[PDB]
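One structure below.
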Amino acid sequence: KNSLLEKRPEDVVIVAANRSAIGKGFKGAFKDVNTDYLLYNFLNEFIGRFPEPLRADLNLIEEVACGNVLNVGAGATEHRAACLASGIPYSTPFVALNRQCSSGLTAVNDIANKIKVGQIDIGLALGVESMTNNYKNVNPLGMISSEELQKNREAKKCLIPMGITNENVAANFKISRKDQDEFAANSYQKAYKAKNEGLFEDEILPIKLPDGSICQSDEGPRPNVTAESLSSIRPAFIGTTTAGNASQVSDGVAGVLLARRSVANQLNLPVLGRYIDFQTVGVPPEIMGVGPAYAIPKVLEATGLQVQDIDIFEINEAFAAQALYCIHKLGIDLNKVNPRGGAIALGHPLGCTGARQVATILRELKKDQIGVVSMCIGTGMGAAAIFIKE
Amino acid sequence: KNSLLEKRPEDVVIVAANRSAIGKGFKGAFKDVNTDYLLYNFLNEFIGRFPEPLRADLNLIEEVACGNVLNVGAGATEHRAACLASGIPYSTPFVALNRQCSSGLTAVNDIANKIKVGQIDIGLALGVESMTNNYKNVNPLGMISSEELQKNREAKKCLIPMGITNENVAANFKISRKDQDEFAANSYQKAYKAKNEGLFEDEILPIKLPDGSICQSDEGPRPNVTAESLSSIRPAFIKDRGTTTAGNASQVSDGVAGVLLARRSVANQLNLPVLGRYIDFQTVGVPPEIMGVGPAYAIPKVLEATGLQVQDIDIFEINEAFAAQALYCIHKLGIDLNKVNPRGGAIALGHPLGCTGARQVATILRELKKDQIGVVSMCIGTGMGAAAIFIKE
Numbered sequence: 025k026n027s028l029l030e031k032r033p034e035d036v037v038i039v040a041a042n043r044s045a046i047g048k049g050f051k052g053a054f055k056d057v058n059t060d061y062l063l064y065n066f067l068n069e070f071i072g073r074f075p076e077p078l079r080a081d082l083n084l085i086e087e088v089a090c091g092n093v094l095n096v097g098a099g100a101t102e103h104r105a106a107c108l109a110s111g112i113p114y115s116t117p118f119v120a121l122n123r124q125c126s127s128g129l130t131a132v133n134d135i136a137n138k139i140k141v142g143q144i145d146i147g148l149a150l151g152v153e154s155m156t157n158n159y160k161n162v163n164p165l166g167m168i169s170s171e172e173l174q175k176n177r178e179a180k181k182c183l184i185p186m187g188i189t190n191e192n193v194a195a196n197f198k199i200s201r202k203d204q205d206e207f208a209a210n211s212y213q214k215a216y217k218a219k220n221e222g223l224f225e226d227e228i229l230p231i232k233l234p235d236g237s238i239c240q241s242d243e244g245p246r247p248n249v250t251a252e253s254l255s256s257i258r259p260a261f262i266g267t268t269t270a271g272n273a274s275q276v277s278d279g280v281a282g283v284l285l286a287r288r289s290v291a292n293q294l295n296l297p298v299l300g301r302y303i304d305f306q307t308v309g310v311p312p313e314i315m316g317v318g319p320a321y322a323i324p325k326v327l328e329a330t331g332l333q334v335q336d337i338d339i340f341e342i343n344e345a346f347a348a349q350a351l352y353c354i355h356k357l358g359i360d361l362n363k364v365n366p367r368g369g370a371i372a373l374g375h376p377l378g379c380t381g382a383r384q385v386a387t388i389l390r391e392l393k394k395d396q397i398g399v400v401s402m403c404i405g406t407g408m409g410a411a412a413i414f415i416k417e
Numbered sequence: 025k026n027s028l029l030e031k032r033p034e035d036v037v038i039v040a041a042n043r044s045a046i047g048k049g050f051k052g053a054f055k056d057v058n059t060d061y062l063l064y065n066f067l068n069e070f071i072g073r074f075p076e077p078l079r080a081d082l083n084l085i086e087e088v089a090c091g092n093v094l095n096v097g098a099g100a101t102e103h104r105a106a107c108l109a110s111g112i113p114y115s116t117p118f119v120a121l122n123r124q125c126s127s128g129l130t131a132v133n134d135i136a137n138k139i140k141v142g143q144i145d146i147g148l149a150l151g152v153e154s155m156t157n158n159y160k161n162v163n164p165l166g167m168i169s170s171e172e173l174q175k176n177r178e179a180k181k182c183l184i185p186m187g188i189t190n191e192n193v194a195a196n197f198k199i200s201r202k203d204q205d206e207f208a209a210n211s212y213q214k215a216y217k218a219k220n221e222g223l224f225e226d227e228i229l230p231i232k233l234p235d236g237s238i239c240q241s242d243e244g245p246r247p248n249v250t251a252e253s254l255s256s257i258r259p260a261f262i263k264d265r266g267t268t269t270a271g272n273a274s275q276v277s278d279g280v281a282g283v284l285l286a287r288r289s290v291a292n293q294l295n296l297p298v299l300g301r302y303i304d305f306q307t308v309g310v311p312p313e314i315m316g317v318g319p320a321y322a323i324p325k326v327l328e329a330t331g332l333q334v335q336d337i338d339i340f341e342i343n344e345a346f347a348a349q350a351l352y353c354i355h356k357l358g359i360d361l362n363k364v365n366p367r368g369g370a371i372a373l374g375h376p377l378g379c380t381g382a383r384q385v386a387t388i389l390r391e392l393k394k395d396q397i398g399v400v401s402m403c404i405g406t407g408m409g410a411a412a413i414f415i416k417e
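Sequence lines, in order, name chains A and B.
Residue numbering for the first sequence is 25 to 262, 266 to 417, as defined by the authors' numbering.
Counting along the second sequence from 1, when you hit position 139 you're at 163 in the authors' numbering, and nothing is skipped either side.
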């Protein structure tokens, strides 16, 4: 702990971290634009809000890693194109990564390890998803081509709809609908509330739409949500899982600029916080929602921290059931989890979430406080990273 | 350099590294099978040959990073599903990466960095591509959606056909059709020899086809090719004035490749054999319009990072996207043709996109003798280059 708290020149620090507002998939803010447009417009704003010495030499950025789940090729061609257009020079390399729901956080881990091994000094981690425009790339009949794989016992599990996996968790550890709806309404309340106080204002960057409008306020949170109001809601997969209690389908983008500390100090770049560690573990795909239950304990153990050492937890709300289970299995103080609201209220744009949670967390922690970002991952995994506010 | 030759416990070593044969696209062995089926079959055999410790506890593998360029989502869902089918437990995580033509080597760098930072002790890097079955996913009109980005001066450079960026290189640096044809036949010459001498039988693992037959020999190196014979081919991208043709460019194909890496100390503790070690990897960006010059810049970057010099390299495996860019890099580097793609390049064996970077490691290993130093490098669509250094053990 105290040693974690010490600042070292080799630390991987966060210089800037921002997100666009999250538009509702299909009918929301970003429905008529794709990931290439989100990313370009987002970077234009992000780069503007970067520190002078950087805006003036984007060549100092040595790698761009961008998480994306639904585009062909995870969007590498169009995203590199968009970074090129925003002014990040051709000389800066680009890599697309897809680790499903955690892609945006996995991008932060990629740039952090590159800085740690000396491969680069400064790098950009991004996350972007347009579920509205790419939801369709996924063949409703599953993405496994082979007959035998399709009939293979293990392989087949990567075919269980995420919703059903959440039904397994609820059923399995007996998770009540009331429990789920209360969690959900609770989520809506804190989001709406934090949204109204402008708590997101620092983190959000506006994106003007082609047709001139401008999106800068999260679309999902509403005021007045309650457990019984959510109780009207029908089951969406089979069934305690309903639209009211699952993350909303959305569109968004987010980014985190990272550097070694001694380098940022040399360039005199402001440091908002630092990355401490990241770990991933696989879990049975049929109950993928329990990923954080195993990933959180892994990263705490690797860093020698305990739950009670964490001030804030940003555990993605893929669905109420899964979130509940993890909070509960680990013994986390409810009031510490997603205190400005979660994906149930805010929305879950697949590849963007991991980085988006990083932008969120930094405004929720005070100086010297420690936070964890974690999420379950389709196909059976969990990821968790720890950060310290500077 | 004698320093580099010194074996440290924290070194990232290569325990196993192999590839499937490379199928010609649309017409080849793998034509009716997808990346899921290839990776499954290939893992069934690569794992089959792992040391005793690992096969009995595949949980020792703490990460699988798989490079892929054309599948939706870079194939994460279906490749994780194939790893599962193969016996790698649900507990081992999986990540898909797309760094275009260098995806398979980028996957090596990813696993190496994780082991270097203590995040894992043993990881598997894969590279897989069924261009026959996913070529269809790329829209011929371009993958950039926004009209605004489509007319952007820098963004549109990501829509110039690879074959045309090659014409840009050939013309900008006056590299003759004859020269391109020179380099290419030779390349064809080497794979042939090497295919016949049995020199890939080592690295190659056989794939069982649904029909029951078994693919296990590389479909691309053509019998008795020769230069002037190539000279009869028509330009492929620019009518009657271009120099790139189907004879001097990589062949479209399908293939899968894997490299199991571990920290030296853990390999020693579990008694895993070491084929050689990874020393470093660097990537750089170059103008997308002439993306083929990538190795020319990335090679110098990794040599420098490791304190080596071109002269210190015994074998260079520089991907042959096209003869013109390949000739340019080798020459801009002053490298001796004799040390390049000794058993033949991509012009002859195929460039199954996502698989190549890993494929090349399986190849370069069998080509270096104990203690020799190798470099793996490639130009990358959308303007980049990557290069890594390996040491045979």
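Every residue gets a Cβ at the ideal spot worked out from N, C-alpha and C, and that includes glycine.
Distances from the CA of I168(A) to each of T406(A), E417(A), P297(A), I238(A) were compared; the closest alpha carbon is that of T406(A). Around the Cβ of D235(A), a 10 Å sphere holds fewer than 16 other Cβ atoms; the residue is exposed.
Beyond the five residues adjoining it in sequence on each side, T156(B) comes within less than 6 angstroms, by CB distance, of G49, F50, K55, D278 in the same chain, given in chain order. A320(A) is outside the set of residues whose beta carbon lies under 8 angstroms from a beta carbon in chain B. Straight-line measurement puts the Cα of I339(A) at about 18 angstroms from the Cα of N42(A). Taken through DSSP and simplified to helix, strand or coil, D304(A) comes out as strand. Your pair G91(B) and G128(B) checks out as a contact, with CB atoms roughly 4 angstroms apart and the cut at 8 angstroms. For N292(A), the enclosing alpha helix (DSSP H) stretches over residues 288 to 293.
Proximity of chain A to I168(B) at the Cβ level (cut-off 9 angstroms) is accounted for by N58, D60, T101, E102, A105, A106, in chain order.
Taking CB atoms only, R201(A) has no neighbour in chain B less than 8 angstroms away. Residue pairing for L67(A): DSSP places it in no beta bridge. In the DSSP assignment, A195(A) falls within the alpha helix (DSSP H) that extends over 186 to 196. For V152(A), the enclosing beta strand (DSSP E) begins and ends at 146 to 154.
Taking 8 angstroms as the cut-off between beta carbons, none of the residues of the region 383 to 402 of chain B comes near chain A. In the three-state DSSP reduction, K219(B) falls in the helix class (H, G or I). For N137(A), the closest of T189(A), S44(A), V37(A), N272(A) by C-alpha to C-alpha distance is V37(A). Between the alpha carbons of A270(A) and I371(A) lies a gap of roughly 9 angstroms.
With its beta carbon at least 8 angstroms from every one in chain B, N272(A) lies outside the interface. With 16 or more other Cβ atoms from the protein chains shown falling within 10 Å of its own Cβ, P376(A) counts as buried. With three or more CB-CB distances shorter than 8 angstroms, the region 277 to 294 of chain B counts as touching the region 53 to 67 of chain B.
An exposed status is given to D360(A), since fewer than 16 other beta-carbon atoms sit within 10 Å of its beta-carbon. Check the Cα spacing between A348(A) and each of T307(A), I314(A), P259(A), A194(A): the tightest is with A194(A).
The C-alpha of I354(B) lies about 11 angstroms from the C-alpha of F207(B). A Cβ-Cβ distance of about 13 angstroms is found for the pair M408(A) and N343(A), leaving them out of contact under the 8 angstroms criterion. Neighbours of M408(A) in chain B, taken as residues at a C-beta separation under 7 angstroms, are given in chain order as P117. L165(A) is not a Cβ neighbour of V119(B), given a cutoff of 8 angstroms. A Cβ-Cβ distance of about 24 angstroms is found for the pair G282(A) and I337(A), leaving them out of contact under the 8 angstroms criterion. For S401(A), the uninterrupted beta strand (DSSP E) run begins and ends at 397 to 404, by DSSP. Between the region 102 to 112 of chain B and the region 244 to 260 of chain B there are fewer than three inter-stretch CB-CB distances shorter than 8 angstroms, so the stretches are not counted as touching. Residue environment: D395(B) is assigned as exposed (fewer than 16 neighbouring CB atoms within 10 Å of its CB, all protein chains considered).
Proximity of chain A to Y64(B) at the Cβ level (cut-off 9 angstroms) is accounted for by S170, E172, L173, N176, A179, in chain order.
Against chain A, the CB of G381(B) has no partner CB under 8 angstroms away; the residue lies outside that interface. As computed with DSSP, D278(A) is found in a beta bridge with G47(A), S154(A). Around the CB of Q306(B), 16 or more other CB atoms lie within 10 Å, so the residue is classed as buried. The distance from the Cβ of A382(A) to that of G97(A) is about 19 angstroms, inconsistent with a contact at the 8 angstroms cut-off.
Counting the other CB atoms within 10 Å of its CB gives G316(A) a total of 16 or more, which places it among the buried residues.
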